[PDB]
$ cat start-v1.cif   # mmCIF, C-alpha atoms
data_coords
#
loop_
_atom_site.label_atom_id
_atom_site.label_comp_id
_atom_site.auth_asym_id
_atom_site.auth_seq_id
_atom_site.Cartn_x
_atom_site.Cartn_y
_atom_site.Cartn_z
CA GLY P 9 115.55 188.46 74.69
CA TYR P 10 116.98 190.05 77.84
CA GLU P 11 120.77 190.35 78.10
CA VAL P 12 122.55 188.96 81.17
CA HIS P 13 125.97 189.26 82.86
CA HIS P 14 128.28 186.75 84.52
CA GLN P 15 128.03 185.98 88.23
CA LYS P 16 130.26 184.88 91.14
CA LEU P 17 129.65 182.75 94.26
CA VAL P 18 132.31 181.87 96.86
CA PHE P 19 131.80 179.55 99.86
CA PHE P 20 134.54 179.19 102.52
CA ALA P 21 134.20 177.43 105.91
CA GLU P 22 136.96 177.11 108.56
CA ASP P 23 136.79 177.65 112.37
CA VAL P 24 139.79 179.29 114.01
CA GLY P 25 140.23 178.39 117.70
CA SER P 26 137.66 175.69 118.38
CA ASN P 27 135.56 175.50 121.58
CA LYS P 28 132.40 177.47 122.52
CA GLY P 29 129.31 176.02 120.83
CA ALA P 30 128.02 179.09 119.19
CA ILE P 31 124.64 179.15 117.64
CA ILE P 32 123.46 181.36 114.69
CA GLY P 33 119.97 181.27 113.23
CA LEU P 34 119.81 183.68 110.30
CA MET P 35 117.46 183.81 107.33
CA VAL P 36 117.75 186.22 104.42
CA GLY P 37 115.15 185.35 101.73
CA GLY P 38 116.12 187.60 98.82
CA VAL P 39 113.47 189.56 96.90
CA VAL P 40 112.30 189.09 93.31
CA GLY A 9 119.91 191.11 70.30
CA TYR A 10 122.49 188.62 71.60
CA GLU A 11 122.57 187.29 75.18
CA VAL A 12 125.22 185.32 77.09
CA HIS A 13 125.43 183.75 80.56
CA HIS A 14 128.38 182.77 82.71
CA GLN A 15 129.09 181.74 86.28
CA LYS A 16 131.75 180.79 88.80
CA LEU A 17 131.27 178.74 91.97
CA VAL A 18 134.05 178.15 94.51
CA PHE A 19 133.28 175.68 97.30
CA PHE A 20 135.92 175.12 100.03
CA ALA A 21 135.46 173.46 103.43
CA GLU A 22 138.22 172.51 105.87
CA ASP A 23 137.61 171.20 109.38
CA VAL A 24 140.76 171.94 111.38
CA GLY A 25 141.49 172.86 115.00
CA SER A 26 139.37 170.09 116.52
CA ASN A 27 135.96 169.01 117.81
CA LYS A 28 133.35 171.57 119.11
CA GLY A 29 129.58 171.38 119.32
CA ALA A 30 128.59 174.35 117.16
CA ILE A 31 125.68 174.89 114.88
CA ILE A 32 125.24 177.25 111.88
CA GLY A 33 121.56 177.44 110.90
CA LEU A 34 121.35 179.70 107.92
CA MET A 35 119.21 180.01 104.80
CA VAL A 36 119.80 182.31 101.82
CA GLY A 37 116.75 182.20 99.50
CA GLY A 38 118.26 183.36 96.21
CA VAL A 39 116.22 185.11 93.50
CA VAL A 40 116.27 185.54 89.71
CA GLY H 9 119.90 182.77 67.26
CA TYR H 10 123.18 182.08 69.07
CA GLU H 11 123.08 181.15 72.76
CA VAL H 12 126.01 180.51 75.12
CA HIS H 13 126.16 179.66 78.83
CA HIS H 14 129.37 179.18 80.85
CA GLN H 15 130.08 177.95 84.34
CA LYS H 16 132.79 176.69 86.70
CA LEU H 17 132.31 174.59 89.84
CA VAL H 18 135.24 173.82 92.15
CA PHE H 19 134.82 171.75 95.33
CA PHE H 20 137.44 170.94 97.99
CA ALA H 21 136.75 169.22 101.34
CA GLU H 22 139.39 168.20 103.90
CA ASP H 23 139.46 167.36 107.64
CA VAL H 24 142.70 167.42 109.60
CA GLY H 25 143.28 164.03 111.20
CA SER H 26 139.73 162.90 111.98
CA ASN H 27 136.15 164.13 112.24
CA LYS H 28 135.16 167.27 114.17
CA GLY H 29 132.00 167.48 116.32
CA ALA H 30 130.31 170.36 114.60
CA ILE H 31 127.51 170.87 112.13
CA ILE H 32 126.94 173.53 109.43
CA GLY H 33 123.34 173.70 108.24
CA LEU H 34 123.15 175.97 105.21
CA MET H 35 120.72 175.99 102.37
CA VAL H 36 121.68 178.29 99.50
CA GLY H 37 118.91 177.87 96.88
CA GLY H 38 120.52 179.38 93.79
CA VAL H 39 118.91 180.15 90.44
CA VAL H 40 119.89 179.45 86.83
CA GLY O 9 117.37 175.45 69.00
CA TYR O 10 119.18 175.86 72.32
CA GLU O 11 122.97 176.38 72.32
CA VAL O 12 125.38 176.35 75.28
CA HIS O 13 129.17 176.52 75.76
CA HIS O 14 131.49 174.12 77.58
CA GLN O 15 131.87 173.98 81.35
CA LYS O 16 134.33 172.93 84.09
CA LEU O 17 133.69 170.64 87.09
CA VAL O 18 136.34 169.91 89.75
CA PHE O 19 135.74 167.94 92.97
CA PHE O 20 138.19 166.76 95.65
CA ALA O 21 137.50 165.30 99.10
CA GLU O 22 139.60 163.65 101.81
CA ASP O 23 138.97 159.97 102.50
CA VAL O 24 137.29 159.50 105.86
CA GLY O 25 137.67 156.11 107.61
CA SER O 26 134.01 155.60 108.44
CA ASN O 27 131.42 157.97 107.05
CA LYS O 28 131.72 161.65 107.92
CA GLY O 29 130.82 161.97 111.59
CA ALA O 30 129.97 165.59 112.30
CA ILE O 31 129.58 167.44 109.05
CA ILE O 32 129.03 170.35 106.73
CA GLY O 33 125.56 170.49 105.22
CA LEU O 34 125.65 172.83 102.27
CA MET O 35 122.96 172.56 99.62
CA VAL O 36 123.79 174.28 96.35
CA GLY O 37 121.20 173.16 93.70
CA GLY O 38 122.95 173.95 90.39
CA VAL O 39 122.40 172.71 86.83
CA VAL O 40 123.67 169.47 85.28
CA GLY Q 9 117.23 198.56 75.29
CA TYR Q 10 120.36 197.16 76.96
CA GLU Q 11 120.15 195.48 80.38
CA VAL Q 12 122.57 193.45 82.52
CA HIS Q 13 121.52 191.08 85.34
CA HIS Q 14 124.04 189.58 87.74
CA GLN Q 15 125.05 189.19 91.36
CA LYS Q 16 127.99 188.30 93.60
CA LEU Q 17 127.77 186.31 96.86
CA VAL Q 18 130.61 185.71 99.34
CA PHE Q 19 130.12 183.45 102.39
CA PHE Q 20 132.92 183.20 104.99
CA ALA Q 21 132.45 181.35 108.31
CA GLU Q 22 134.99 181.28 111.17
CA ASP Q 23 134.10 181.05 114.90
CA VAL Q 24 136.62 182.57 117.30
CA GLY Q 25 137.34 180.72 120.54
CA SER Q 26 135.33 183.03 122.84
CA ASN Q 27 133.19 182.72 125.97
CA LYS Q 28 130.69 179.87 126.48
CA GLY Q 29 127.69 179.85 124.11
CA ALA Q 30 126.87 182.98 122.16
CA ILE Q 31 123.60 183.16 120.30
CA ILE Q 32 122.61 185.34 117.34
CA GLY Q 33 119.20 185.17 115.62
CA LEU Q 34 118.11 187.41 112.73
CA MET Q 35 115.33 187.29 110.10
CA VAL Q 36 115.01 189.64 107.08
CA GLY Q 37 111.77 189.01 105.12
CA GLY Q 38 112.06 191.60 102.35
CA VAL Q 39 110.13 194.24 100.41
CA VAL Q 40 108.06 194.09 97.23
CA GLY Z 9 110.26 198.23 83.92
CA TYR Z 10 113.42 199.05 85.89
CA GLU Z 11 117.01 198.46 84.78
CA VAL Z 12 119.45 196.45 86.91
CA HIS Z 13 123.00 197.55 87.79
CA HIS Z 14 125.92 195.82 89.45
CA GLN Z 15 125.77 194.71 93.06
CA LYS Z 16 127.60 192.71 95.74
CA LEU Z 17 126.59 190.65 98.80
CA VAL Z 18 129.04 189.55 101.51
CA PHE Z 19 128.17 187.34 104.48
CA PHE Z 20 130.95 187.26 107.09
CA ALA Z 21 130.35 185.33 110.32
CA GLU Z 22 132.86 185.58 113.15
CA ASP Z 23 132.00 185.55 116.87
CA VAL Z 24 132.89 188.95 118.30
CA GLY Z 25 134.42 188.73 121.77
CA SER Z 26 131.26 189.76 123.63
CA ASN Z 27 130.73 189.49 127.36
CA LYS Z 28 130.21 186.03 128.87
CA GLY Z 29 127.26 184.58 126.94
CA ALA Z 30 125.60 187.13 124.61
CA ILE Z 31 122.18 186.95 122.96
CA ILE Z 32 120.76 188.98 120.02
CA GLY Z 33 117.37 188.60 118.29
CA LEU Z 34 116.22 190.90 115.44
CA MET Z 35 113.44 190.72 112.81
CA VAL Z 36 112.84 193.15 109.93
CA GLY Z 37 109.55 192.55 108.04
CA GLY Z 38 109.70 195.31 105.43
CA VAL Z 39 107.82 198.34 104.09
CA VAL Z 40 104.77 198.83 101.87
CA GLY J 9 125.62 133.30 118.28
CA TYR J 10 126.88 136.08 115.99
CA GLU J 11 126.43 139.80 116.62
CA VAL J 12 123.59 141.19 114.48
CA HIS J 13 124.21 144.18 112.23
CA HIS J 14 122.46 144.97 108.98
CA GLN J 15 120.51 147.79 107.37
CA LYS J 16 117.69 148.51 104.91
CA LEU J 17 117.93 151.24 102.26
CA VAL J 18 115.34 151.72 99.51
CA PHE J 19 115.26 154.58 96.99
CA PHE J 20 112.60 155.17 94.34
CA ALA J 21 112.02 158.27 92.26
CA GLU J 22 111.19 159.51 88.76
CA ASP J 23 113.71 161.93 87.23
CA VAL J 24 112.88 163.46 83.86
CA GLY J 25 115.85 165.21 82.24
CA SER J 26 116.89 166.73 85.58
CA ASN J 27 115.54 166.80 89.10
CA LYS J 28 112.50 168.81 90.17
CA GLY J 29 113.66 172.44 90.21
CA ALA J 30 113.00 172.76 93.85
CA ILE J 31 115.63 171.80 96.37
CA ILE J 32 115.97 169.89 99.67
CA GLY J 33 119.10 170.63 101.68
CA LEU J 34 119.03 167.88 104.24
CA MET J 35 121.97 166.96 106.44
CA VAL J 36 121.54 163.93 108.65
CA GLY J 37 125.12 163.21 109.90
CA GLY J 38 124.89 159.83 111.66
CA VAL J 39 127.49 157.04 111.63
CA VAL J 40 127.49 153.39 110.50
CA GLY M 9 128.56 140.13 124.40
CA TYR M 10 125.47 140.13 122.16
CA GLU M 11 124.23 143.30 120.44
CA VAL M 12 121.66 144.19 117.76
CA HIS M 13 121.87 147.09 115.30
CA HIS M 14 119.59 147.96 112.39
CA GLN M 15 118.38 150.91 110.38
CA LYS M 16 115.75 151.84 107.78
CA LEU M 17 116.02 154.53 105.10
CA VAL M 18 113.34 155.12 102.43
CA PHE M 19 113.47 157.80 99.72
CA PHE M 20 110.32 158.29 97.60
CA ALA M 21 110.17 161.25 95.20
CA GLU M 22 108.55 162.20 91.91
CA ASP M 23 110.66 164.80 90.07
CA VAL M 24 109.94 166.36 86.72
CA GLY M 25 111.56 169.77 86.02
CA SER M 26 108.65 171.57 87.67
CA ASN M 27 107.63 175.11 88.29
CA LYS M 28 108.33 177.22 91.39
CA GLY M 29 111.85 176.95 92.86
CA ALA M 30 110.96 176.16 96.44
CA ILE M 31 113.57 175.27 99.03
CA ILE M 32 113.66 173.35 102.36
CA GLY M 33 116.82 173.59 104.45
CA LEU M 34 117.04 171.30 107.47
CA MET M 35 120.08 170.31 109.48
CA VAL M 36 119.78 167.55 112.01
CA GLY M 37 123.36 166.81 113.27
CA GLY M 38 122.92 163.96 115.77
CA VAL M 39 125.38 161.67 117.56
CA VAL M 40 126.00 157.94 117.89
CA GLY F 9 122.66 142.69 128.91
CA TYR F 10 120.94 142.89 125.53
CA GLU F 11 121.40 146.09 123.49
CA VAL F 12 119.11 147.30 120.70
CA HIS F 13 119.66 150.21 118.30
CA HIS F 14 117.40 151.38 115.47
CA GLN F 15 116.64 154.38 113.32
CA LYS F 16 114.23 155.54 110.58
CA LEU F 17 114.77 158.13 107.81
CA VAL F 18 111.91 158.73 105.32
CA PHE F 19 111.63 161.29 102.47
CA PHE F 20 108.32 161.66 100.55
CA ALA F 21 107.66 164.15 97.70
CA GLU F 22 104.51 164.04 95.51
CA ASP F 23 104.38 164.91 91.79
CA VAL F 24 102.21 167.38 89.91
CA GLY F 25 102.98 170.85 91.20
CA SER F 26 106.15 170.48 93.23
CA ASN F 27 105.76 170.49 96.94
CA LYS F 28 105.76 173.33 99.41
CA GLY F 29 109.29 174.51 100.15
CA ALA F 30 108.93 178.18 100.07
CA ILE F 31 111.97 179.17 102.03
CA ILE F 32 112.40 177.37 105.36
CA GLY F 33 115.65 177.32 107.31
CA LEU F 34 115.52 175.04 110.35
CA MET F 35 118.51 174.04 112.37
CA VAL F 36 117.94 171.60 115.20
CA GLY F 37 121.33 171.14 116.91
CA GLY F 38 121.08 167.68 118.47
CA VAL F 39 122.81 166.86 121.77
CA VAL F 40 126.55 166.29 122.20
CA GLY Y 9 119.10 148.08 133.39
CA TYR Y 10 118.65 147.73 129.62
CA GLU Y 11 119.61 150.51 127.19
CA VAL Y 12 117.44 151.19 124.13
CA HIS Y 13 118.17 153.55 121.21
CA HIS Y 14 115.71 154.58 118.50
CA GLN Y 15 115.00 157.55 116.24
CA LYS Y 16 112.54 158.84 113.64
CA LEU Y 17 113.18 161.52 111.01
CA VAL Y 18 110.47 162.13 108.37
CA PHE Y 19 110.19 164.69 105.55
CA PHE Y 20 106.74 164.88 103.87
CA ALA Y 21 105.96 167.47 101.14
CA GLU Y 22 102.94 168.07 98.88
CA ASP Y 23 101.81 171.54 97.65
CA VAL Y 24 99.69 172.51 94.66
CA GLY Y 25 98.08 175.95 94.20
CA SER Y 26 101.21 177.80 93.12
CA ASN Y 27 104.31 179.69 94.29
CA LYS Y 28 104.33 181.20 97.77
CA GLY Y 29 106.56 183.89 99.24
CA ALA Y 30 106.81 182.63 102.78
CA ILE Y 31 109.88 182.56 104.85
CA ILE Y 32 110.60 180.68 108.12
CA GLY Y 33 114.02 181.25 109.78
CA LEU Y 34 114.45 179.24 113.01
CA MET Y 35 117.27 177.92 115.13
CA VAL Y 36 116.48 175.53 117.94
CA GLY Y 37 120.02 174.93 119.37
CA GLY Y 38 119.59 172.82 122.51
CA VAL Y 39 121.26 172.38 125.92
CA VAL Y 40 124.82 171.71 127.10
CA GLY K 9 115.91 151.03 136.96
CA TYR K 10 115.21 151.03 133.21
CA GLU K 11 117.09 153.16 130.65
CA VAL K 12 115.46 154.22 127.37
CA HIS K 13 116.44 156.74 124.66
CA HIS K 14 113.89 157.62 121.97
CA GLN K 15 113.18 160.63 119.78
CA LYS K 16 110.91 161.86 116.99
CA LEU K 17 111.35 164.59 114.37
CA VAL K 18 108.83 165.22 111.57
CA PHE K 19 108.48 167.91 108.89
CA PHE K 20 105.01 167.96 107.26
CA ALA K 21 104.16 170.49 104.52
CA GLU K 22 100.82 171.04 102.76
CA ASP K 23 99.30 174.38 101.70
CA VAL K 24 96.41 175.64 99.64
CA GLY K 25 96.83 179.21 98.34
CA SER K 26 98.20 181.09 101.38
CA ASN K 27 98.07 184.85 101.75
CA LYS K 28 100.70 187.20 100.29
CA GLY K 29 104.11 187.18 102.09
CA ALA K 30 104.22 185.79 105.61
CA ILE K 31 107.40 185.70 107.61
CA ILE K 32 108.63 184.38 110.98
CA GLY K 33 111.98 184.26 112.83
CA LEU K 34 112.60 182.26 116.04
CA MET K 35 115.78 181.65 118.06
CA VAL K 36 115.96 179.65 121.31
CA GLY K 37 119.55 179.17 122.55
CA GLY K 38 119.07 177.19 125.76
CA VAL K 39 120.11 177.01 129.43
CA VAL K 40 123.54 176.06 130.77
CA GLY X 9 123.76 155.77 134.70
CA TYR X 10 121.09 158.49 134.71
CA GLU X 11 117.39 158.15 133.89
CA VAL X 12 116.66 159.07 130.27
CA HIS X 13 113.54 160.83 128.98
CA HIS X 14 112.39 161.70 125.47
CA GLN X 15 110.69 164.44 123.51
CA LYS X 16 108.95 165.09 120.18
CA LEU X 17 109.75 167.69 117.51
CA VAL X 18 106.93 168.38 115.04
CA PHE X 19 106.98 171.04 112.34
CA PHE X 20 103.73 171.04 110.35
CA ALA X 21 102.73 173.79 107.92
CA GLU X 22 99.18 174.34 106.69
CA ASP X 23 98.61 178.08 106.30
CA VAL X 24 95.70 179.18 108.43
CA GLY X 25 93.96 182.26 107.00
CA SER X 26 96.41 184.73 108.53
CA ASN X 27 96.43 188.45 107.89
CA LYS X 28 98.02 190.10 104.82
CA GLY X 29 101.77 190.66 105.37
CA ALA X 30 102.40 189.17 108.78
CA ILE X 31 105.70 189.09 110.54
CA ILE X 32 106.61 187.46 113.88
CA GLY X 33 110.05 187.54 115.53
CA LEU X 34 110.96 186.04 118.92
CA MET X 35 114.27 185.25 120.63
CA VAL X 36 114.76 183.64 124.07
CA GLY X 37 118.42 184.01 125.05
CA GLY X 38 118.69 184.19 128.85
CA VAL X 39 118.97 182.26 132.13
CA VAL X 40 117.20 182.19 135.50
#
$ encode --input "start-v1.cif" --output "structure tokens"
Amino acid sequence: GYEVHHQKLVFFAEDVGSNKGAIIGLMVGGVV
Amino acid sequence: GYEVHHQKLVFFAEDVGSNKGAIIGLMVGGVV
Amino acid sequence: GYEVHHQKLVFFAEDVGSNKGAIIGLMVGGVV
Amino acid sequence: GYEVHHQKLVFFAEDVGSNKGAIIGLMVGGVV
Amino acid sequence: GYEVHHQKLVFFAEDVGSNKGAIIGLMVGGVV
Amino acid sequence: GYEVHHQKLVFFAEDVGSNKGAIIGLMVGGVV
Amino acid sequence: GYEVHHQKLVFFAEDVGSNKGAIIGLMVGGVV
Amino acid sequence: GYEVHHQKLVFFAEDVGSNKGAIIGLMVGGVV
Amino acid sequence: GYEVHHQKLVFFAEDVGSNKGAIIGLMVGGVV
Amino acid sequence: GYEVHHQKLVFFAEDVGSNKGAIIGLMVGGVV
Amino acid sequence: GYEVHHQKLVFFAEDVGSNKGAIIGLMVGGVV
Amino acid sequence: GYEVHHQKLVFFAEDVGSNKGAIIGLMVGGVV
């Protein structure tokens, strides 16, 4: 079998200084 | 031939400041 | 044979006072 | 014969009067 | 032989009270 | 066929004080 | 005469072991 | 005075740990 | 002075060969 | 002078054949 | 006169063996 | 109040024999 290593994923959301309705449309489909 | 797997997921969300029409449209297609 | 898989999921969500007109649209399709 | 180790799941969220008005939409599949 | 497969993903979102309406759009297909 | 080494992906979103109302659109198919 | 307010929610699906490894990240805020 | 409010939500899905990890990410904020 | 409010949310996924998906990231910021 | 409110959100998915590397990344903000 | 507020959003997905790798990115901020 | 109109948002996918690796990117951030 193939050996594998550990992984790490961190998600943090907080908006400093509200106002301005910004708009971001970004797509990054990884590659196999 | 020994294999091991491990992970770590941190998920934090905190709505502070105040209101504000903003939109994050983002997609991250992960892969093996 | 021996097989071991570890993980750790931590989730924290908090909104100061009351709701906040904003919307985060993120899809993070992960993989085992 | 499939073998796996123990895991850790922690979840905490603030109580919102009525349902969450504006909101964070994060989809993170995962494994049971 | 010996092989290790892992990744690390960090996602941090924080909009900074700036002018009215900024707009960023980006798409990154990938490569075989 | 090819071995895999360590790696790291960081996604940091923060509106950069641009002029009044900025707009950026970029697409990057790939190579063959 | 009493104010009218009710709803209709129906859910039907077939889950074997675990969901369909495919994933729908759908956020439909809304308020009751 | 007199007011009428109703809603209708139907979820129909067949899920058996299938092939192909596909992923749909849609955010539809909305108000009121 | 009669007021009427309604809505309709429907999700349909067929079995045998999971559905499309592929990677689609759509954000449709409603109206404030 | 009567106000009426309605909506309609529908997700329909059915795909056989097999896997498909396709990637749609779109953001349709709106107006202020 | 008469006031009416309706909408309609539908996602329909069906595909029979589509070519290798297609990709599209679209961003449409809006007008003040 | 003010007269209210409506619109329709339809996203339907049914791959039409496109070319090999196609890639389309468009952004419309601007004002009159």
$ resolve_selection --input "start-v1.cif" --expression "the PyMOL selection byres ((chain A and resi 10-25) around 8)" --output "JSON, numbers by chain"
{"P": [9, 10, 11, 12, 13, 14, 15, 16, 17, 18, 19, 20, 21, 22, 23, 24, 25, 26], "A": [9, 26, 27], "H": [9, 10, 11, 12, 13, 14, 15, 16, 17, 18, 19, 20, 21, 22, 23, 24, 27, 28], "O": [32]}
$ axis_aligned_box --input "start-v1.cif" --around "region 26-36 of chain J" --padding-each-side "4 Å" --output "JSON"
{"center_x": 117.2, "center_y": 168.3, "center_z": 97.1, "size_x": 17.5, "size_y": 16.8, "size_z": 31.1}
$ calpha_fit_and_write --input "start-v1.cif" --fixed "chain J" --moving "chain P" --output "compact mmCIF listing (two decimals) with C-alpha atoms, in the coordinates of the input"
# COMPACT_ATOMS: atom_id res chain seq x y z
CA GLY P 9 130.50 137.13 119.80
CA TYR P 10 127.53 139.43 119.20
CA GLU P 11 124.71 138.12 117.00
CA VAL P 12 123.55 140.19 114.02
CA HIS P 13 120.55 140.34 111.64
CA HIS P 14 120.22 140.90 107.91
CA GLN P 15 119.81 144.39 106.46
CA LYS P 16 118.20 146.13 103.45
CA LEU P 17 119.13 149.21 101.39
CA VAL P 18 117.18 150.50 98.37
CA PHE P 19 118.21 153.43 96.14
CA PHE P 20 115.83 154.74 93.43
CA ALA P 21 116.25 157.97 91.40
CA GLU P 22 113.83 159.26 88.71
CA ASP P 23 112.45 162.81 88.14
CA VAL P 24 108.83 163.09 87.03
CA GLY P 25 108.06 166.27 85.06
CA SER P 26 111.42 167.93 84.48
CA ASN P 27 112.01 171.71 84.74
CA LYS P 28 112.51 173.86 87.88
CA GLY P 29 116.07 173.57 89.20
CA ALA P 30 115.33 172.62 92.71
CA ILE P 31 118.02 172.58 95.28
CA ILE P 32 118.18 170.38 98.46
CA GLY P 33 121.02 170.47 100.97
CA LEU P 34 120.36 167.88 103.66
CA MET P 35 122.72 166.13 106.04
CA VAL P 36 121.75 163.36 108.45
CA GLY P 37 124.88 161.96 110.18
CA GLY P 38 123.56 158.92 112.04
CA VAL P 39 124.58 158.26 115.66
CA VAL P 40 126.75 155.46 117.05
$ resolve_selection --input "start-v1.cif" --expression "the PyMOL selection byres ((chain Y and resi 37) around 7)" --output "list in words"
residues 31 of chain P; 36 and 37 of chain F; 35, 36 and 38 of chain Y; 36, 37 and 38 of chain K
$ atom_distance --input "start-v1.cif" --atom1 "CA of residue 39 (chain F)" --atom2 "CA of residue 33 (chain O)"
17.2 Å
$ decode --input "start-v1.cif" --residues "chain Q" --atoms "C-alpha atoms" --output "PDB file, in the first residue's frame"
ATOM      1  CA  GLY Q   9       9.666   2.607  -2.228  1.00  0.00           C
ATOM      2  CA  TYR Q  10       8.752   5.212   0.398  1.00  0.00           C
ATOM      3  CA  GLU Q  11       6.246   7.974  -0.401  1.00  0.00           C
ATOM      4  CA  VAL Q  12       4.441  10.634   1.657  1.00  0.00           C
ATOM      5  CA  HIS Q  13       1.226  12.415   0.578  1.00  0.00           C
ATOM      6  CA  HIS Q  14      -0.133  15.416   2.456  1.00  0.00           C
ATOM      7  CA  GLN Q  15      -1.164  19.039   2.201  1.00  0.00           C
ATOM      8  CA  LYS Q  16      -1.809  22.154   4.284  1.00  0.00           C
ATOM      9  CA  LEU Q  17      -4.559  24.727   3.641  1.00  0.00           C
ATOM     10  CA  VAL Q  18      -5.020  28.052   5.454  1.00  0.00           C
ATOM     11  CA  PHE Q  19      -8.037  30.290   4.739  1.00  0.00           C
ATOM     12  CA  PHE Q  20      -8.218  33.760   6.359  1.00  0.00           C
ATOM     13  CA  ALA Q  21     -10.920  36.307   5.423  1.00  0.00           C
ATOM     14  CA  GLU Q  22     -11.062  39.917   6.666  1.00  0.00           C
ATOM     15  CA  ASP Q  23     -12.477  42.875   4.663  1.00  0.00           C
ATOM     16  CA  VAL Q  24     -11.028  46.285   5.495  1.00  0.00           C
ATOM     17  CA  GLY Q  25     -13.408  49.253   5.629  1.00  0.00           C
ATOM     18  CA  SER Q  26     -12.384  50.805   2.279  1.00  0.00           C
ATOM     19  CA  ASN Q  27     -14.057  52.692  -0.577  1.00  0.00           C
ATOM     20  CA  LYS Q  28     -17.495  51.727  -1.946  1.00  0.00           C
ATOM     21  CA  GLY Q  29     -17.681  48.345  -3.724  1.00  0.00           C
ATOM     22  CA  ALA Q  30     -14.480  46.674  -4.832  1.00  0.00           C
ATOM     23  CA  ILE Q  31     -14.690  43.667  -7.099  1.00  0.00           C
ATOM     24  CA  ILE Q  32     -12.154  40.894  -7.674  1.00  0.00           C
ATOM     25  CA  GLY Q  33     -12.766  37.902  -9.990  1.00  0.00           C
ATOM     26  CA  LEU Q  34     -10.218  35.154 -10.694  1.00  0.00           C
ATOM     27  CA  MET Q  35     -10.378  31.617 -12.164  1.00  0.00           C
ATOM     28  CA  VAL Q  36      -7.493  29.085 -12.196  1.00  0.00           C
ATOM     29  CA  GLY Q  37      -8.415  25.901 -14.116  1.00  0.00           C
ATOM     30  CA  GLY Q  38      -5.216  23.876 -13.791  1.00  0.00           C
ATOM     31  CA  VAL Q  39      -2.761  21.686 -15.703  1.00  0.00           C
ATOM     32  CA  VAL Q  40      -2.621  17.940 -16.344  1.00  0.00           C
TER      33      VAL Q  40
END
